Amino acid sequence: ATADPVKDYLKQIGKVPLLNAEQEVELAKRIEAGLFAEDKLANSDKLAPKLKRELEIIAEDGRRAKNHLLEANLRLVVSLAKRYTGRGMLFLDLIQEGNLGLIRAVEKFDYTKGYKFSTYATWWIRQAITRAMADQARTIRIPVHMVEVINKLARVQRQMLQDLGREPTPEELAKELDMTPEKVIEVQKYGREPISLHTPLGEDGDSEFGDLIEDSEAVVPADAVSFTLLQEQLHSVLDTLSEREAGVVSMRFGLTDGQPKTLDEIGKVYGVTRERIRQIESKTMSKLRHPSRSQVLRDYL
Amino acid sequence: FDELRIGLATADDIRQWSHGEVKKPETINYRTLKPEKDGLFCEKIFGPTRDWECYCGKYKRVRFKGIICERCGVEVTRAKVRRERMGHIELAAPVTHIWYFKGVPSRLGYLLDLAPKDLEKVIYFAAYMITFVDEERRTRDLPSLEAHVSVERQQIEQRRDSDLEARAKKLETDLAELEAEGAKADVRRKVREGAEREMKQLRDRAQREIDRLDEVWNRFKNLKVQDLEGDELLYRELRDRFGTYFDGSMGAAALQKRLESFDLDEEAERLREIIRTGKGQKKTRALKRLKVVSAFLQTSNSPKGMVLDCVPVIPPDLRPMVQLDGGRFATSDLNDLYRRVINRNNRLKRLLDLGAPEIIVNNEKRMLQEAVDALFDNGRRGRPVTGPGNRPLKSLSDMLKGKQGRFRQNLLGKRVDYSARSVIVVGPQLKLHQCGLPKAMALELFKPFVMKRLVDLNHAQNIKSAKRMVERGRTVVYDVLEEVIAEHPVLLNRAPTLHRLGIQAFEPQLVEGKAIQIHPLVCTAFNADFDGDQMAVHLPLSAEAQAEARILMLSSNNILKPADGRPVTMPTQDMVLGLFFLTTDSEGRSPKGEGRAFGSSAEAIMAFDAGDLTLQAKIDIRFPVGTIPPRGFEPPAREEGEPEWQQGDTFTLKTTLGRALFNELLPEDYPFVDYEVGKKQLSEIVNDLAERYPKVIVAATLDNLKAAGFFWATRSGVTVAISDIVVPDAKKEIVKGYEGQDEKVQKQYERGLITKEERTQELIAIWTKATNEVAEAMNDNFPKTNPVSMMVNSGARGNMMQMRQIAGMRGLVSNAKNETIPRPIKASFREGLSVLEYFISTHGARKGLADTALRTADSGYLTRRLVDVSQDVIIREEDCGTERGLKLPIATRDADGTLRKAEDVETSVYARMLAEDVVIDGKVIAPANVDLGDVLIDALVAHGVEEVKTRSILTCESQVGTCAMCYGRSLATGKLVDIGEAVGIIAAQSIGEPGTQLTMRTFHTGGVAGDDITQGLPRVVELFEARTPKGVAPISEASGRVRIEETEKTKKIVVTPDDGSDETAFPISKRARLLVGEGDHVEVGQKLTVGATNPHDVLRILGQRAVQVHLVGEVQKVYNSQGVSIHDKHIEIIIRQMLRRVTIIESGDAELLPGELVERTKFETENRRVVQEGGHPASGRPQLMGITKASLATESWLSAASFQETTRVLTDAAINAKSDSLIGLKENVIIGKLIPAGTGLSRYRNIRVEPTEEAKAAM
Ligand SMILES: [Mg+2]
Ligand SMILES: [Zn+2]
Ligand SMILES: [Zn+2]
């Protein structure tokens, strides 16, 4: 228990016996022996108890070889983790994700391949590390295909900067990626990272970047009071009109309820025909359009 | 809002708060820019991003609110719900709360009797815990397991004997066969050597396995709960060699199981037993353990809240991932930390799902623990979670702490609408209660009011058109503005706001230009110069607010500064020079027209314009009837054989026309003044006016004085020129004489006849003498008529040493790091310093600048501490219940055959109420309960009394706070303190204001460190924090025989108290520099050696009265050293606050802990309870502690949390489950409710209003 937990993790690896060829092929042999033992145990057919216990013992020995192999290659997986550090993912995190990849690789390895474990594993370790770096490194989750697109265009752009010694033009980049310029701009804008609010704003201690940008959800009290005055003036003007006329226009424009009702929709509670209610709605529109009840409402827009 | 109960939040409560579960770290889709599902920002759990708008495109209108759509599950409502709703994260493996551990043992509390290293090494997965053992089961089957082990050892030895026999046979066989073979000379010896080496190796492995068996067996016998097993292999061997007996675990799960099975009642009982019979630091440890365990026992919440199971997540709106223009983003670090914890929990769940090794899963649980710890407190262990690497990431606790934390930055000090700011210029033509607001600022501040007035007068058709017209800024808008600002107070307020005169209400007034115009009289109240200075303008909005600004905060009702009760609203920079030039004796000019009389002041003025008379010339002047004459003119009168009353009729008087003008500035009823005004006497007369006249007359008189002062300072003709500053002629001669002496000394130093140090000291003394002599010569030389004399004698501005070093030579200047140069500067600023002289002057100038800056910082900190300890002390009772008073010295240093009043009587006894009457000649002189002024003090001194019994807050016996009469009259008003006034804040501000003004430091260390005591503001803050003084001189315990033992190792002072009491041996430094005689009589109160007395001891032996007097006197002399004065009540309130608590001792019957701080009222209450119950009272001794400790140990946890330290106080508040009652001031400023001090009191706010019946009958 100390600071910088990676150091304690490295000590937790400690000293474990590195595996030479015959050692690990024998371990894989007893691994598959335990595999068949548990396969036989899983079968529903009756087996004598002592044989079943022996099979369980061999399976346990295979599991022990499994943990031996895992502890042996923790060193390799931390090597492949440091190979990917410094890309927005904590190093110990990457180590754990590569360890998951190592568990998968150990579950998919056998001596049937005439090669060492260290060559078969590294592919799966890199697979898990790259997948999880794509899926958990950026604040805004980018889909894996978009991750490979962005990193491909980034690396090739770095290359062309190296050859030309100059910033490539967008069209040259587009023809290099073989996609159109619109996709180039899209991915270029999609491959950014957020900037933290709680950062020094520039002075010694004058708050942070999260105390200088305004919000949009705040109700501008001028707007609210103007809208309320508009509501009052509109309601008074409607009250100026006849009761039925004001009512029908109100339902036509939903001044009592947020959902205005169609012409026929009004002609059920009021008992007027769809064309009749249409007609009186038109006369209301004309009446309110007279210069009389228009001087006040004009100024509210 | 009655109580903010706070306590441990169990897992069930966190589940109850949550409206869902967060299962993903997804935040927002990279393309649609909308929250993802069930991750952070999810609408299904937190709320809809847009008002009433769900996610899936289904129900999308305000009408059908309050329903859940079955497609995405978003509950349509206002978006504001996102600011309230909060979720939670379920952890596969529990973790520990970083707060309650990894801290002081007051919050951790030793709930489990394990050292911090044990916890640090177990909850971070480096060792095991034996959560529970079936020790009874292990003991029951002891013979069987013992016999089994015996058989195991027996067969081990049998097999070992067989192996030894085989080894011997092998050795003999190989030796025999090789000697028979005879391949070489000595084959048998070599093979036998190999055989014995093999035997030795086999013996080595035999003893190794024997040792392992023995160690595992004795660890079997060494089983007990909460036993730590650091070695993992050893723990595994434990598990294999025996199971179903000891149960073990690792990490937070072990702690959870232990706390679940913990029996805190038995621990409390056993710890009480230990405390009953215990010694040493073990007693203190058991005391802390009892405190925490009993705090948990009394409270209903279970201890298992230590180990959280579900982590709440902040509502998304409070950690915004707000969109930014440009395609970029803004993210708060809590998003990163929550992503980290969610990711690690997901990985842990996946690792648990599949059969995984113990190493990987344990390291994963540790990673989860680290992530949660970083979430709550990032940087509390090792390196912080730097995130981007440029800066540590913010964490939850970090937002709740520090200068930038919520408590001090967004709850006590908030930004405010309806305000403005601008540079300030001087406006003389204004009246005392007027301030100028430029057109733009006034128009923008009063936008709602200008709109209302524009619509009401039909200048604008409707409200929106009114907005458009004001934005346009047409003339009618300005006319309406001029109509609307009047009769509406505006509070002008400067940034430092050192004391309550910082915020002052004024009548606004439109004015062209772009800067606030202000009245020069009030500028010195703000300490607001016109070099360049911006002052904020705030607008009272409500009717109550503007009423307050009308009555309370008005610029004309705050003549008197609350610090000591003296005028502060008559500055002196320019006006006082005018008045001084006006009321001046002869010789200011050629006094032409002197020796004549004028029929009235009008004819005198006419003569003055004629030029025959000069303003400064003695003449006889008449006065019309009603002119009250000089106070000393009353006994004299005119000569007649009939009764005459010149106190209020015509009287000629030998004075000057100037004095006539000055007096006719003052009101008619004010007695004539015939003496030069200067600055002191002007303050005197202003105070007299403020005392005996109404406020309006005071303001009008001040305005007349201002106008005349400016006019006559203009006419005064004060200037500065090359010939104005005339260097004294004698200077050169005297200095060269000194130089001769000096060089003579140098000559006799060249021969080695004098040491360099002696030469330096004597030269320093020589030049100090020289500069004193030249200062006196210059003082004699300069006439009284020159401008600098006029503006330094009058008290306008300047100081005599400034003229000394403008005209005479500067003198000795401090060398860097507080040394004195040997060669002082011999040229004054008129002649122009030399190059090295200028350099060595800068050496001191820059040091002065840096010292000034550091002192203002420390003064601000001291002011904050004083205000924060001094709150809660409001006047909440009209009259005390008691009669006890405080003895004060009314008159001291009484010369032979006469009585002389105390030199510093004002700050001590003025503005205090006599507890009881005084009779000296059998007749009552000063009636009880009357504040003291000049007349009564003079009468009592004349009658010859030597001391007085003045009532004061220290003896105040009030069931609720302190009564008004004990505090006596306020000082900013000159009347009895009204009920409910905030005495604590005024006292703290008055204490803190001259902190920047002190700026006093030891001139030179003198080559000795630790001798001279701390000087200046450090001394003040030392006195106020109960710090042991740097130079501490122990105090005599009692009377007896004192003597010195001068041991070679170190000096020592041994005193045997008289009456056979126990001898007491006090240590001392080798350079004691003591003064008490050896083997001599000593008294109780004297101080053994030179130094600064320790307040704790003075309280311990002498008494609380002694320590109160000592602190008051010490801090008062520290302030007076510079020259500032404050009244003693300000100090006394703080002092009573520091002494409030008592340390309990012999806590037998009282049943609580011994040796901890307890409030005085609580002590008296519990003593009354126990004595009523029949049990003898538990003892207590008064204890003095600093303001900081007193403030932290307060009943309102919210107020303390708003103080400097947040995490610890909050932690113990939670563990104690203490509800913060809302009585007091700061916490009621947090909540936004009304402070219970002044207009917020119940008795003032409950009144109802209705006119009389006759008012309605009239109309
Ligand atoms: Mg200034
Ligand atoms: Zn929906
Ligand atoms: Zn009292």
# chains A, B, ... in the order shown; residues from 1 in each chain; ligands from 1

$ interface_residues --of "chain B" --to "chain A" --cutoff "6 Å" --atoms "only C-alpha atoms" --output "list in words"
residues 63, 121, 126, 329, 330, 331, 332 and 382 of chain B

$ write_last_selection --atoms "N, CA and C atoms" --output "mmCIF file, in the first residue's frame"
data_model
loop_
_atom_site.group_PDB
_atom_site.id
_atom_site.type_symbol
_atom_site.label_atom_id
_atom_site.label_comp_id
_atom_site.auth_asym_id
_atom_site.auth_seq_id
_atom_site.Cartn_x
_atom_site.Cartn_y
_atom_site.Cartn_z
ATOM 1 N N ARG B 63 -48.838 20.849 -23.661
ATOM 2 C CA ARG B 63 -50.186 20.490 -23.224
ATOM 3 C C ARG B 63 -50.189 19.242 -22.351
ATOM 4 N N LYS B 121 -3.209 -0.321 4.659
ATOM 5 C CA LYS B 121 -2.685 -1.515 4.013
ATOM 6 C C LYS B 121 -3.730 -2.600 3.808
ATOM 7 N N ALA B 126 -3.460 -4.964 0.402
ATOM 8 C CA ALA B 126 -2.101 -5.408 0.665
ATOM 9 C C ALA B 126 -1.992 -6.326 1.873
ATOM 10 N N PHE B 329 -16.101 21.928 -27.009
ATOM 11 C CA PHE B 329 -16.926 21.501 -25.893
ATOM 12 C C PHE B 329 -16.359 22.048 -24.593
ATOM 13 N N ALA B 330 -17.233 22.150 -23.595
ATOM 14 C CA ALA B 330 -16.850 22.474 -22.228
ATOM 15 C C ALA B 330 -17.337 21.357 -21.321
ATOM 16 N N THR B 331 -16.418 20.767 -20.562
ATOM 17 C CA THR B 331 -16.715 19.638 -19.694
ATOM 18 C C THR B 331 -16.159 19.906 -18.306
ATOM 19 N N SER B 332 -16.945 19.584 -17.288
ATOM 20 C CA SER B 332 -16.497 19.722 -15.914
ATOM 21 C C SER B 332 -15.873 18.418 -15.444
ATOM 22 N N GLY B 382 -1.159 10.521 -2.047
ATOM 23 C CA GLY B 382 -0.161 10.477 -3.099
ATOM 24 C C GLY B 382 -0.433 11.519 -4.161
#

$ residues_near_ligand --ligand "ligand 3" --cutoff "9 Å" --atoms "only C-alpha atoms and all ligand atoms" --output "JSON list (two decimals) with C-alpha atoms, in the first residue's frame"
[["chain", "number", "residue", "atom", "x", "y", "z"],
["B", 877, "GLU", "CA", -32.51, 42.35, 26.20],
["B", 878, "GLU", "CA", -33.29, 45.87, 27.35],
["B", 879, "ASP", "CA", -31.96, 45.54, 30.91],
["B", 880, "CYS", "CA", -29.63, 43.22, 32.79],
["B", 881, "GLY", "CA", -30.83, 41.19, 35.73],
["B", 882, "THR", "CA", -27.78, 41.87, 37.91],
["B", 883, "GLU", "CA", -25.95, 44.70, 39.66],
["B", 951, "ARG", "CA", -21.06, 48.30, 34.29],
["B", 952, "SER", "CA", -19.73, 46.42, 31.27],
["B", 953, "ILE", "CA", -20.47, 43.41, 29.09],
["B", 954, "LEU", "CA", -18.01, 41.18, 30.97],
["B", 955, "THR", "CA", -20.12, 41.03, 34.13],
["B", 956, "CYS", "CA", -23.34, 41.02, 32.10],
["B", 957, "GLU", "CA", -25.77, 38.40, 33.41],
["B", 958, "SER", "CA", -28.34, 38.08, 30.62],
["B", 961, "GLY", "CA", -27.18, 37.27, 24.76],
["B", 962, "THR", "CA", -26.19, 40.55, 26.39],
["B", 963, "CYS", "CA", -28.30, 43.48, 27.54],
["B", 964, "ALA", "CA", -28.12, 46.97, 26.09],
["B", 965, "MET", "CA", -27.10, 48.77, 29.28],
["B", 966, "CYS", "CA", -24.09, 46.55, 29.94],
["B", 967, "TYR", "CA", -22.79, 47.38, 26.46]]

$ select_by_dssp --residues "stretch 93-192 of chain A" --states "alpha helix (DSSP H)" --output "CSV table (one decimal) with N, CA and C atoms, in the first residue's frame"
chain,number,residue,atom,x,y,z
A,93,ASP,N,-5.0,1.7,-15.9
A,93,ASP,CA,-6.2,1.3,-16.6
A,93,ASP,C,-5.9,0.5,-17.8
A,94,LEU,N,-5.1,1.0,-18.7
A,94,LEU,CA,-4.6,0.3,-19.9
A,94,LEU,C,-4.1,-1.1,-19.5
A,95,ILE,N,-3.3,-1.2,-18.4
A,95,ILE,CA,-2.8,-2.4,-18.0
A,95,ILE,C,-3.9,-3.4,-17.7
A,96,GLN,N,-4.9,-3.0,-17.0
A,96,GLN,CA,-6.0,-3.9,-16.7
A,96,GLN,C,-6.8,-4.3,-17.9
A,97,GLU,N,-6.9,-3.4,-18.9
A,97,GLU,CA,-7.7,-3.8,-20.1
A,97,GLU,C,-6.9,-4.8,-20.9
A,98,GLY,N,-5.6,-4.6,-21.0
A,98,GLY,CA,-4.8,-5.5,-21.7
A,98,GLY,C,-4.8,-6.9,-20.9
A,99,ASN,N,-4.9,-6.8,-19.6
A,99,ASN,CA,-5.0,-8.1,-18.8
A,99,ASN,C,-6.3,-8.8,-19.2
A,100,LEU,N,-7.4,-8.1,-19.4
A,100,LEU,CA,-8.6,-8.7,-19.9
A,100,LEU,C,-8.3,-9.4,-21.3
A,101,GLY,N,-7.6,-8.7,-22.2
A,101,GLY,CA,-7.2,-9.2,-23.4
A,101,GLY,C,-6.3,-10.5,-23.3
A,102,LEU,N,-5.5,-10.5,-22.3
A,102,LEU,CA,-4.6,-11.6,-22.0
A,102,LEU,C,-5.4,-12.8,-21.5
A,103,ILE,N,-6.5,-12.5,-20.7
A,103,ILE,CA,-7.3,-13.6,-20.3
A,103,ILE,C,-8.0,-14.3,-21.5
A,104,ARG,N,-8.5,-13.4,-22.4
A,104,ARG,CA,-9.1,-13.9,-23.7
A,104,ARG,C,-8.0,-14.8,-24.5
A,105,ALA,N,-6.8,-14.2,-24.6
A,105,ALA,CA,-5.8,-14.9,-25.4
A,105,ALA,C,-5.5,-16.3,-24.8
A,106,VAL,N,-5.4,-16.3,-23.5
A,106,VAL,CA,-5.1,-17.6,-22.8
A,106,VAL,C,-6.2,-18.6,-23.0
A,107,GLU,N,-7.5,-18.0,-23.1
A,107,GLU,CA,-8.6,-18.9,-23.4
A,107,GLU,C,-8.7,-19.4,-24.8
A,117,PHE,N,3.9,-18.5,-26.9
A,117,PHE,CA,2.8,-17.7,-26.4
A,117,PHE,C,3.0,-16.2,-26.6
A,118,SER,N,4.2,-15.8,-26.5
A,118,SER,CA,4.5,-14.3,-26.6
A,118,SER,C,4.2,-13.7,-27.9
A,119,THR,N,4.1,-14.6,-29.0
A,119,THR,CA,3.8,-14.1,-30.3
A,119,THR,C,2.3,-14.2,-30.6
A,120,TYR,N,1.6,-15.2,-30.1
A,120,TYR,CA,0.2,-15.2,-30.3
A,120,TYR,C,-0.5,-14.2,-29.4
A,121,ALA,N,0.0,-14.0,-28.2
A,121,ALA,CA,-0.8,-13.1,-27.2
A,121,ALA,C,-0.8,-11.7,-27.7
A,122,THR,N,0.4,-11.2,-28.1
A,122,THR,CA,0.5,-9.7,-28.4
A,122,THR,C,-0.6,-9.2,-29.3
A,123,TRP,N,-1.0,-10.0,-30.3
A,123,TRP,CA,-2.1,-9.6,-31.1
A,123,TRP,C,-3.4,-9.3,-30.3
A,124,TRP,N,-3.8,-10.2,-29.5
A,124,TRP,CA,-5.0,-10.0,-28.7
A,124,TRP,C,-4.8,-8.9,-27.6
A,125,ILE,N,-3.6,-8.8,-27.1
A,125,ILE,CA,-3.4,-7.7,-26.1
A,125,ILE,C,-3.5,-6.4,-26.8
A,126,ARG,N,-2.9,-6.2,-28.0
A,126,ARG,CA,-3.1,-5.0,-28.8
A,126,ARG,C,-4.6,-4.8,-29.2
A,127,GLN,N,-5.3,-5.9,-29.5
A,127,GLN,CA,-6.7,-5.8,-29.9
A,127,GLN,C,-7.5,-5.2,-28.7
A,128,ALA,N,-7.4,-5.8,-27.5
A,128,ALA,CA,-8.1,-5.3,-26.4
A,128,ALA,C,-7.7,-3.9,-26.0
A,129,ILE,N,-6.4,-3.6,-26.0
A,129,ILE,CA,-6.0,-2.2,-25.7
A,129,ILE,C,-6.5,-1.2,-26.7
A,130,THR,N,-6.4,-1.5,-28.0
A,130,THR,CA,-6.9,-0.6,-29.0
A,130,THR,C,-8.4,-0.4,-28.9
A,131,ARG,N,-9.1,-1.5,-28.7
A,131,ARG,CA,-10.6,-1.4,-28.7
A,131,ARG,C,-11.0,-0.6,-27.5
A,132,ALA,N,-10.5,-0.8,-26.3
A,132,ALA,CA,-10.9,-0.1,-25.1
A,132,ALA,C,-10.4,1.3,-25.1
A,133,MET,N,-9.2,1.6,-25.7
A,133,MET,CA,-8.8,2.9,-25.9
A,133,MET,C,-9.7,3.7,-26.8
A,134,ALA,N,-10.2,3.1,-27.9
A,134,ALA,CA,-11.2,3.7,-28.7
A,134,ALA,C,-12.5,3.9,-28.0
A,135,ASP,N,-13.0,3.0,-27.1
A,135,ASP,CA,-14.3,3.0,-26.5
A,135,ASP,C,-14.4,3.8,-25.2
A,136,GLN,N,-13.2,4.1,-24.6
A,136,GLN,CA,-13.3,4.7,-23.3
A,136,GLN,C,-12.2,5.8,-23.0
A,144,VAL,N,-16.2,2.9,-33.1
A,144,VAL,CA,-14.9,2.3,-33.4
A,144,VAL,C,-14.5,2.6,-34.8
A,145,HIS,N,-15.4,2.5,-35.8
A,145,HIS,CA,-15.1,2.8,-37.2
A,145,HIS,C,-14.7,4.3,-37.3
A,146,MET,N,-15.4,5.1,-36.6
A,146,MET,CA,-15.0,6.5,-36.7
A,146,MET,C,-13.6,6.7,-36.0
A,147,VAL,N,-13.3,5.9,-35.0
A,147,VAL,CA,-12.0,6.0,-34.4
A,147,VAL,C,-10.9,5.7,-35.4
A,148,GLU,N,-11.1,4.6,-36.1
A,148,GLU,CA,-10.1,4.2,-37.1
A,148,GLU,C,-10.0,5.1,-38.2
A,149,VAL,N,-11.1,5.7,-38.6
A,149,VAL,CA,-11.1,6.7,-39.7
A,149,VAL,C,-10.3,7.9,-39.3
A,150,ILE,N,-10.6,8.4,-38.1
A,150,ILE,CA,-9.9,9.6,-37.6
A,150,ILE,C,-8.4,9.4,-37.4
A,151,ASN,N,-8.0,8.2,-36.8
A,151,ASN,CA,-6.6,8.0,-36.6
A,151,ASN,C,-5.9,7.7,-37.9
A,152,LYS,N,-6.6,7.1,-38.9
A,152,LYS,CA,-5.9,6.9,-40.2
A,152,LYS,C,-5.7,8.2,-40.8
A,153,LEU,N,-6.7,9.1,-40.9
A,153,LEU,CA,-6.4,10.4,-41.5
A,153,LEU,C,-5.4,11.2,-40.8
A,154,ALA,N,-5.3,11.1,-39.5
A,154,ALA,CA,-4.4,11.8,-38.7
A,154,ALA,C,-2.9,11.3,-39.0
A,155,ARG,N,-2.7,10.0,-39.0
A,155,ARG,CA,-1.4,9.5,-39.3
A,155,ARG,C,-1.0,9.8,-40.7
A,156,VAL,N,-1.9,9.6,-41.7
A,156,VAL,CA,-1.5,9.9,-43.0
A,156,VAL,C,-1.2,11.4,-43.2
A,157,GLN,N,-2.0,12.3,-42.5
A,157,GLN,CA,-1.7,13.7,-42.6
A,157,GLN,C,-0.4,14.0,-42.0
A,158,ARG,N,0.0,13.4,-40.9
A,158,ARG,CA,1.3,13.6,-40.3
A,158,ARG,C,2.4,13.1,-41.3
A,159,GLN,N,2.2,12.0,-42.0
A,159,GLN,CA,3.1,11.6,-43.0
A,159,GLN,C,3.3,12.7,-44.1
A,160,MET,N,2.2,13.2,-44.7
A,160,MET,CA,2.3,14.2,-45.7
A,160,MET,C,2.9,15.4,-45.2
A,161,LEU,N,2.7,15.8,-44.0
A,161,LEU,CA,3.5,16.9,-43.4
A,161,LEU,C,4.9,16.6,-43.4
A,162,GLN,N,5.3,15.3,-43.1
A,162,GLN,CA,6.7,14.9,-43.2
A,162,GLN,C,7.3,15.0,-44.6
A,163,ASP,N,6.6,14.5,-45.6
A,163,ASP,CA,7.2,14.6,-46.9
A,163,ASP,C,7.2,16.0,-47.5
A,164,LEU,N,6.0,16.6,-47.6
A,164,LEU,CA,5.9,17.9,-48.2
A,164,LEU,C,6.6,19.0,-47.3
A,170,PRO,N,-6.7,20.8,-48.2
A,170,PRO,CA,-7.8,19.9,-47.9
A,170,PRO,C,-8.1,18.9,-49.1
A,171,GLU,N,-8.0,19.4,-50.4
A,171,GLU,CA,-8.3,18.6,-51.5
A,171,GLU,C,-7.3,17.4,-51.6
A,172,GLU,N,-6.0,17.7,-51.4
A,172,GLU,CA,-5.0,16.7,-51.4
A,172,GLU,C,-5.2,15.6,-50.3
A,173,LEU,N,-5.6,16.1,-49.1
A,173,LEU,CA,-6.0,15.1,-48.1
A,173,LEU,C,-7.2,14.3,-48.5
A,174,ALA,N,-8.2,14.9,-49.2
A,174,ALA,CA,-9.4,14.2,-49.6
A,174,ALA,C,-9.0,13.1,-50.6
A,175,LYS,N,-8.1,13.4,-51.6
A,175,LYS,CA,-7.8,12.4,-52.5
A,175,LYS,C,-6.9,11.3,-51.9
A,176,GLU,N,-6.1,11.7,-50.9
A,176,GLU,CA,-5.3,10.7,-50.2
A,176,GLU,C,-6.2,9.7,-49.4
A,177,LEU,N,-7.1,10.2,-48.7
A,177,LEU,CA,-8.0,9.3,-48.0
A,177,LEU,C,-9.0,8.6,-48.9
A,181,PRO,N,-14.0,15.8,-49.8
A,181,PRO,CA,-13.6,16.8,-48.8
A,181,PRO,C,-14.6,17.0,-47.6
A,182,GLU,N,-15.9,16.8,-47.9
A,182,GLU,CA,-16.9,16.9,-46.9
A,182,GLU,C,-16.7,15.9,-45.7
A,183,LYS,N,-16.4,14.7,-46.1
A,183,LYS,CA,-16.1,13.7,-45.0
A,183,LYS,C,-14.8,14.1,-44.3
A,184,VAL,N,-13.8,14.7,-45.0
A,184,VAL,CA,-12.6,15.1,-44.4
A,184,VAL,C,-12.9,16.2,-43.3
A,185,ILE,N,-13.7,17.2,-43.7
A,185,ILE,CA,-14.0,18.2,-42.7
A,185,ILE,C,-14.8,17.6,-41.5
A,186,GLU,N,-15.8,16.7,-41.9
A,186,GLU,CA,-16.6,16.1,-40.8
A,186,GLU,C,-15.8,15.4,-39.8
A,187,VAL,N,-14.9,14.5,-40.2
A,187,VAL,CA,-14.1,13.8,-39.3
A,187,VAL,C,-13.1,14.7,-38.6
A,188,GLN,N,-12.5,15.7,-39.3
A,188,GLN,CA,-11.6,16.6,-38.6
A,188,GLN,C,-12.3,17.3,-37.5
A,189,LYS,N,-13.5,17.7,-37.7
A,189,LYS,CA,-14.3,18.4,-36.6
A,189,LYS,C,-14.7,17.4,-35.5
A,190,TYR,N,-15.0,16.2,-35.9
A,190,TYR,CA,-15.4,15.1,-35.0
A,190,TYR,C,-14.3,14.6,-34.1

$ residues_around --residues "residue A:262" --least-positions-apart "3" --cutoff "8 Å" --atoms "only C-alpha atoms" --output "NGL selection string"
:A and (252 or 265-266)

$ write_last_selection --atoms "N, CA and C atoms" --output "compact mmCIF listing (two decimals), in the first residue's frame"
# COMPACT_ATOMS: atom_id res chain seq x y z
N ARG A 252 -58.99 28.51 -32.09
CA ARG A 252 -58.27 28.36 -33.35
C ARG A 252 -56.77 28.57 -33.15
N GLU A 265 -62.32 20.92 -35.61
CA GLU A 265 -62.08 20.56 -34.21
C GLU A 265 -62.82 21.49 -33.26
N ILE A 266 -63.05 22.74 -33.67
CA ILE A 266 -63.81 23.66 -32.84
C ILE A 266 -65.31 23.40 -32.97

$ residues_near_ligand --ligand "ligand 1" --cutoff "9 Å" --atoms "only C-alpha atoms and all ligand atoms" --output "CSV table (one decimal) with N, CA, C and O atoms, in the first residue's frame"
chain,number,residue,atom,x,y,z
B,527,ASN,N,-11.9,56.2,2.9
B,527,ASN,CA,-10.5,56.2,2.6
B,527,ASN,C,-10.3,56.2,1.1
B,527,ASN,O,-9.3,55.7,0.5
B,528,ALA,N,-11.2,57.0,0.4
B,528,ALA,CA,-11.2,57.0,-1.1
B,528,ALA,C,-10.6,58.3,-1.6
B,528,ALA,O,-11.2,59.3,-1.5
B,529,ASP,N,-9.3,58.1,-2.0
B,529,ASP,CA,-8.6,59.2,-2.6
B,529,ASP,C,-9.1,59.4,-4.1
B,529,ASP,O,-9.9,58.6,-4.6
B,530,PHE,N,-8.6,60.5,-4.7
B,530,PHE,CA,-9.0,60.8,-6.1
B,530,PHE,C,-7.8,60.7,-7.0
B,530,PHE,O,-7.8,61.3,-8.1
B,531,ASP,N,-6.7,60.0,-6.6
B,531,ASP,CA,-5.7,59.6,-7.6
B,531,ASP,C,-6.3,58.8,-8.8
B,531,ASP,O,-6.3,59.3,-9.9
B,532,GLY,N,-6.9,57.7,-8.5
B,532,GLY,CA,-7.8,57.0,-9.4
B,532,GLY,C,-8.4,55.9,-8.6
B,532,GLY,O,-7.8,55.1,-8.0
B,533,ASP,N,-9.8,55.9,-8.7
B,533,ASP,CA,-10.5,55.0,-7.7
B,533,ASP,C,-11.9,54.8,-8.2
B,533,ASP,O,-12.6,55.7,-8.4
B,534,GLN,N,-12.2,53.5,-8.2
B,534,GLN,CA,-13.6,53.1,-8.7
B,534,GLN,C,-14.4,52.7,-7.5
B,534,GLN,O,-13.9,52.0,-6.6
